[PDB]
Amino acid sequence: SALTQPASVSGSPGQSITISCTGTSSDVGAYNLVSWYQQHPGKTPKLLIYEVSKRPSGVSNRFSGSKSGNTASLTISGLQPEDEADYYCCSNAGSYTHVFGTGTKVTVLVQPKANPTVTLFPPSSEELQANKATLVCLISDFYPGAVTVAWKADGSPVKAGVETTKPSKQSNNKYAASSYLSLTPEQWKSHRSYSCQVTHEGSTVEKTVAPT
């Protein structure tokens, strides 16, 4: 069973952050064999900590590790922009078996937090004339680069047919993403409205669209 980590955390340059990683008494709690890895996208992982608290040669002392019960912790002090990466824990579940955490993305805040602009598009006429009814929810100009998207039909949940893209930085150094909802024309015309609800930093924006 995988080890449990928070999906993300953020801090300002110079701050201290802490990442926790929770397992069971058969792995994290059974041995002092917890290791921490830093991975930038596309690069091989770098070992930061091994055996709970030991640093390999050449690893900065800004990184420290500890453990209490079935939870191991990685602390990063003096947060620097180069520390923006994915961090995952690893632990022995036995002599040869290892279990891995799900990874925590560390965001180093390089600009003010920005709530997203949300623009919802009904199906185009070309689309409906072709018996398609895809809706697109454009989400732009937000920071940091994480949002939660939920669709609705007449104020009821809709989970099937939804695809949301991973946020990516645009030219204004803010993040953009889109979510689209594949619908048949019958679904589109049988409801009074469809809604795209976008949540960012606990704040929620909902846009609504209706057949015409």
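Heads up: residue numbers just count along the shown sequence, starting at 1.
Student: Comparing 74-82 with 93-101, which stretch shows the greater average C-alpha B-factor in the deposited entry?
Tutor: Taking the mean B-factor of the alpha carbons in each, 74-82 is higher.
Student: Mind pulling up the entry and telling me whether 156-164 or 175-183 has the higher mean Cα temperature factor?
Tutor: For C-alpha atoms only, the mean B-factor is higher in 156-164.
Student: Based on the PDB record, which member of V149, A30, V59, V34 exhibits the highest Cα temperature factor?
Tutor: Of the candidates given, the C-alpha B-factor peaks at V59.
Student: If you compare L135, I139, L109, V106, which has the highest Cα B-factor in the entry?
Tutor: The C-alpha B-factor peaks, among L135, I139, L109, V106, at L109.
Student: Considering only modelled residues of the same chain, in which third does the CA B-factor of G23 rank: lowest, middle or highest?
Tutor: For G23, the deposited C-alpha B-factor lands in the lowest third.
Student: How does the C-alpha B factor of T44 compare with the rest of the chain: lowest, middle or highest third?
Tutor: Its C-alpha B-factor belongs to the highest third of this chain's values.
Student: Splitting the chain's C-alpha B-factors into thirds, which one does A2 fall into?
Tutor: Within its chain, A2 is a middle-third residue by C-alpha B-factor, going by the deposited values.
Student: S53: which third of its chain by C-alpha temperature factor?
Tutor: Lowest third.
Student: Compare the C-alpha B factor of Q38 with those of the other modelled residues in its chain, then answer lowest, middle or highest third.
Tutor: Middle third of the chain for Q38's C-alpha B-factor.
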